[PDB]
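A single chain comes next, written as structure tokens; it is the form deposited in one PDB entry.
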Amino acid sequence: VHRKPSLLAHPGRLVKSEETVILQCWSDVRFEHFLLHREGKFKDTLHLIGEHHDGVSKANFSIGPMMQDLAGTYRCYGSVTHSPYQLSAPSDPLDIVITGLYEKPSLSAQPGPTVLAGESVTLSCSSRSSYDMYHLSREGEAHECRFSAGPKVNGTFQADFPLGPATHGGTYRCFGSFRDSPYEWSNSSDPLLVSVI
């Protein structure tokens, strides 16, 4: 049955270390049982019985105090049978990552945090740690990944994020990661407010 469930993450897919995140499988299709599968360092499948509200079948899976094994690509399967466990098509993937495992990076704005409309803004992620890649986040829920430049004479590993001509303003944060552990990120950079006047 190629009817896929939907997978959400409350509060968000970026969960700090040793904190709890609620992964919700919901669908207009009536499902009596739900299966949550993770791909990563430690692959596991979780089951929760389905709850029925209005015409929506939903289950709030609980991913406990965040640790390395609980991070990865999550896909939710659906079922109405239990002993057969006839599995639906996989949900659209959701990458749950753990933050706060490394030192925070430094986020800077050139020309500056506050800028006039139409003026190009470029945000720079820098850290003395050897982060192989940096992640830019606006309002918490965002994903812009660029590879990082290596050891500068300054000793900083840096990546430049071109925001382009400025029409919107938001609160941007930076995260650092290593290529070996893709779903394990660093502490958030000190938030940088981009304002367009």
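So that there is no doubt, residue numbering starts at 1 and follows the sequence shown. Superpose the two forms; the largest set of C-alphas matching within 1.5 Å is the rigid core.
The same protein also exists as the form deposited in another entry; that form is not shown, yet it is the one meant from here on.
Of the residues listed here (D92, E119, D95, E103), only one shifts its CA by 2 angstroms or more between the shown form and the other one after fitting on the rigid core, and it is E119. After superposition on the rigid core, the Cα atom of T45 is displaced by less than 2 Å between the shown form and the other one.
If you fit the rigid core between the shown form and the other one, you'll see the Cα of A166 move by 2 angstroms or more.
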